[PDB]
Amino acid sequence: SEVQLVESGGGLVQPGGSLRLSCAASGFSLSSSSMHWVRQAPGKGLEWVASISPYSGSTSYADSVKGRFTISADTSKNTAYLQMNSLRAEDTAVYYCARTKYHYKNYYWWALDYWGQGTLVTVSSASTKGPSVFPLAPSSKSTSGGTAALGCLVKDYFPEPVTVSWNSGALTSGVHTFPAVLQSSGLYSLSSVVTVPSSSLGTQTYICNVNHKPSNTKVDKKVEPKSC
Amino acid sequence: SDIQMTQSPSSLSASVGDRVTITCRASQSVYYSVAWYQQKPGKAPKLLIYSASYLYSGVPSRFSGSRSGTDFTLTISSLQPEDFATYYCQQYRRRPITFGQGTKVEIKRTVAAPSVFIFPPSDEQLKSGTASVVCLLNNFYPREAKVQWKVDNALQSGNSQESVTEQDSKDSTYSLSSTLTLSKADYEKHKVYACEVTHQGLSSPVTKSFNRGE
RNA sequence: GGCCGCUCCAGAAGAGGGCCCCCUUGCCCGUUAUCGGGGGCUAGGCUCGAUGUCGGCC
Ligand SMILES: *[C@@H](C)[C@@H](O)CCCOCCOC(=O)CCCC[C@@H]1SC[C@@H]2NC(=O)N[C@@H]21
């Protein structure tokens with residue numbers, strides 16, 4: 001009796017392109033449910049996209065996807081689908097599948113009582129590009145309370161994600177790797193910083209290790225203080 | 001004509017054991033057809049309450065819901081550590097269903113002023129044609145802070161972007177980057193680059209600055 | 001004046017339609033689907049009624 005919803009099909013597509021999402025259900029019958037797609041743009045709220053009742057075939061859609069998106073269901077597979085055509089950048093989001101249980105004794109559908117893990121959809125005309133990595137160097141001017149700050153600017157990559165470590169994982173305390181920002185160019189950028197004792201700067205080596213799997217890039221940048 | 005759901009506040013800080021209330025106002029009557037969801041970062045929402053006040057199966061009894069007209073409230077009677085999360089209201093009186101924008105419940109701690117650092121663009125970056133100037137606000141609380149860029153004493157607008165971490169898992173602070181992006185041409189037209197920070201933990205604004213070429 | 005009627009005029013004429021609110025769906029109901037009852041409005045703009053300030057007949 002364990003309800004499960006397993007989404008798949010997300011990925012990266014160009015504006016104008018298409019993707020088909022799948023939601024494989026177990027633990028209940030699709031014909032005893034209303035199935036939904038709800039999306040969440042990065043850092044934003046929840047937006048309903050489409051619903052279907054597999055028992056009747058009835059469907060409904062958010063105005064902004066009508067004509068572009070089709071929700072469907074295959075009860076022989078207990079799977080619901082979202083066919084997404086004419087995709088655009090503003091459709092970039094995590095797409096959740098969700099279920100409302102049917103209750104024959106009730107008189108209308110109630111809330112979204114179970115949600116799957118989500119599948120990420122990114123729509124962008126940007127081309128895959130590894131980051132340019134630049135030092136954020138500590139200066140003698142910049143020592144506060146015996147502590148120095150340094151870091152790496154990880155600029156102009158696509159798509160997400162990058163990971164950053166320091167000294168191959170040996171340095172974890174005081175590290176802050178900021179969320180990426182989508183620049184107007186369509187490329188992403190972020191910084192990773194760490195605070196360290198200022199007296200250490202002459203006798204410690206600080207290296208940021210930047211990984212961008214989509215471009216198969218691993219870059220190590222030594223960050224050292226500048227003199228006068 | 002859709003029904004809008006307006007949630008306030010966008011975030012609130014509390015401590016374990018506090019009574020927490022989150023509110024959601026429907027733009028018009030939804031009777032009692034309101035649900036409440038909890039969502040943790042990187043995770044799917046979970047249903048807590050439906051029909052305004054009915055606890056969904058398995059949800060702990062410290063969660064409760066109430067209605068006063070178009071105002072709907074979720075109350076956590078004694079906040080637990082697993083309750084720091086974002087909470088969403090939703091109406092289903094009328095299709096399309098609509099959600100509030102969410103309320104993030106964050107961890108209260110003592111005020112902490114940011115340590116501020118400014119970074120000139122690297123020569124490596126200048127060679128490529130761009131100049132990112134980074135201002136760092138490290139380990140501060142609360143989240144509210146104002147970062148202002150000044151170039152040769154001229155207040156900048158529209159050419160910077162901020163990024164803020166989630167609350168640190170160990171000390172509950174925030175850190176923030178503000179990045180000023182100029183072309184190399186523009187960056188060479190000016191000398192003084194200054195980041196000015198206003199925050200409750202600081203008696204007066206802190207300014208870190210440098211002179212290009214020094 | 002009388003009878004017949006709405007095919008044109010009048011709005012002097014009330015139902016349909018639409019909007020809002022209360023009741024945790026509350027006689028009975030309810031399309032795998034949000035009702036019912038009550039309350040607050042919208043009139044001459046469409047339909048269907050009704051009417052005469054209308055038309056026909058005598
Ligand atoms: C018919 C029962 C209904 O129209 C009359 C309501 C009874 O109350 C008297 C007041 O009348 C109104 O104010 C109703 C306005 C007429 C609405 C009709 S519906 C079709 C047409 N389209 C539109 O927008 N108005 C008119």
Side-chain angles (χ1 to χ4, degrees), chain A residues 1 3-5 22-38 46 48-63 66 69-82 96-116, chain B residues 1-6 21-37 47-59 61-75 77 87-100:
Chain A
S1 48
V3 170
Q4 299 176 5
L5 300 175
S22 293
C23 176
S26 59
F28 72 98
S29 165
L30 249 57
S31 291
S32 297
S33 78
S34 185
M35 297 301 299
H36 318 271
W37 292 93
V38 176
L46 305 165
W48 169 75
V49 176
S51 296
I52 183 165
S53 167
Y55 178 93
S56 64
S58 175
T59 59
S60 55
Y61 299 90
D63 282 356
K66 289 179 183 178
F69 290 9
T70 301
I71 187 174
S72 59
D74 182 343
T75 56
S76 79
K77 297 182 183 306
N78 219 44
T79 299
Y81 307 93
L82 189 65
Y96 297 97
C97 178
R99 164 201 79 158
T100 299
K101 183 176 176 69
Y102 170 75
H103 300 281
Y104 85 83
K105 298 170 187 187
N106 291 352
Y107 304 104
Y108 45 101
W109 297 106
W110 287 0
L112 270 50
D113 55 50
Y114 189 84
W115 301 58
Chain B
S1 181
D2 305 352
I3 297 171
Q4 285 81 49
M5 302 293 280
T6 301
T21 62
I22 297 169
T23 63
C24 167
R25 175 173 287 179
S27 61
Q28 61 184 85
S29 179
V30 294
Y31 203 28
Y32 290 99
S33 298
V34 170
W36 287 96
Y37 303 89
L47 175 64
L48 306 174
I49 291 183
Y50 66 100
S51 205
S53 60
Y54 299 167
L55 215 50
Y56 187 62
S57 299
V59 179
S61 68
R62 63 180 179 276
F63 293 95
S64 65
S66 61
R67 171 196 169 198
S68 176
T70 51
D71 296 292
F72 293 80
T73 299
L74 174 71
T75 296
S77 63
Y87 295 86
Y88 294 95
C89 64
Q90 178 221 314
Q91 68 82 28
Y92 52 99
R93 182 66 187 87
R94 178 193 299 179
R95 290 170 185 281
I97 64 174
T98 50
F99 294 86

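Proteins come first, then strands; the chains are lettered A, B, ... in the order of their sequence lines, and each starts at number 1.
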**Q.** Minimum side-chain heavy-atom gap B:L55-B:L48 below 4.5 Å
**A.** no
Q | Partners passing ring-ring contact (aromatic ring centres under 6.0 Å, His included) against A:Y55 (at least two apart in sequence or in another chain) | A | none
**Q.** Syn/anti state of C:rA50 by chi, 90° boundary around 0
**A.** anti
(Q) Syn if the chi torsion is within 90° of 0, anti otherwise; quick check, which is C:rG40? (A) anti
**Q.** Rounded distance in Å - CG (B:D2) to P (C:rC20)
**A.** 12 Å
Q) Hey, which of these two, B:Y54 or B:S1, hits RNA chain C nearer its 5' end, going by closest nucleotide? A) B:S1
Q | Where RNA chain C forms stems, i.e. three or more consecutive Watson-Crick or G-U pairs with both distances under 3.5 Å | A | C:1-5 with C:54-58, C:14-16 with C:46-48, C:17-23 with C:36-42
Q | Protein proximity profile, nucleotides 27-40 of chain C - base contact B, sugar-phosphate-only contact S, no contact -, cut-off 4.0 Å on heavy atoms | A | ---B-BBB------
Q.
Rounding to an integer number of angstrom, what distance separates C:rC54 and C:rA15 when you compare their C1' atoms?
A. 23 Å
Q. What is the minimum heavy-atom distance between B:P96 and B:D2, and which atoms define it?
A. CD-OD1, 3.4 Å
Q. Does C:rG26 adopt a syn or an anti glycosidic conformation, taking syn as a chi angle within 90° of 0?
A. syn
Q) With side chains defined as the heavy atoms from C-beta onward, is the minimum distance between A:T59 and A:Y61 less than 4.5 Å? A) yes
(Q) For a 4.5 angstrom cut-off between non-hydrogen side-chain atoms, does A:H36 reach A:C97? (A) no
Q) In whole Å, what separates the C1' atom of C:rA12 from that of C:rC57? A) 26 Å
(Q) By the 4.0 Å heavy-atom rule, please label B:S29 as base, sugar-phosphate, or nothing. (A) sugar-phosphate
Q | With sequence neighbours excluded, residues passing ring-ring contact (aromatic ring centres under 6.0 Å, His included) with A:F28 | A | none
Q. Between C:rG52 and C:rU25, how far is it from one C1' atom to the other, in whole Å?
A. 47 Å
Q) In whole Å, what separates the P atom of C:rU7 from that of C:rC48? A) 9 Å
Q) Got a sec, which pairs hit side chain to side chain donor-acceptor pair (under 3.5 Å) with one end in residues 89-99 of chain B, sequence neighbours left out? A) B:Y37-B:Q90, B:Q91-B:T98
Q: Show your working on salt bridge (charged side-chain N to carboxylate O under 4.0 Å, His left out) between A:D113 and A:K101 and close with a plain yes or no.
A: CA-CA 7 Å; A:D113 55 50; A:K101 183 176 176 69; over 6 Å; no
Q) When rounded to the nearest Å, what value does the distance between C1' atoms of C:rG17 and C:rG49 take? A) 15 Å
Q. In whole Å, what separates the P atom of C:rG16 from that of C:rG26?
A. 24 Å
Q) Considering residues at least two apart in sequence or located in another chain, which fulfil the side-chain contact (heavy atoms from CB on, under 4.5 Å) criterion with B:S66? A) B:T73
Q. By sign alone, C1'-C2'-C3'-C4' of C:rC6 puts its sugar north or south?
A. south
Q: State, as yes or no, whether the six-membered rings of C:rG18 and C:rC19 are stacked by the criterion of centre distance under 5.5 Å and planes under 30 degrees.
A: yes
Q. Taking the P atom of each, how far is C:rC29 from C:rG37, in whole Å?
A. 14 Å
Q.
In whole Å, measure the gap between the P atoms of C:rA10 and C:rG45 for me.
A. 8 Å
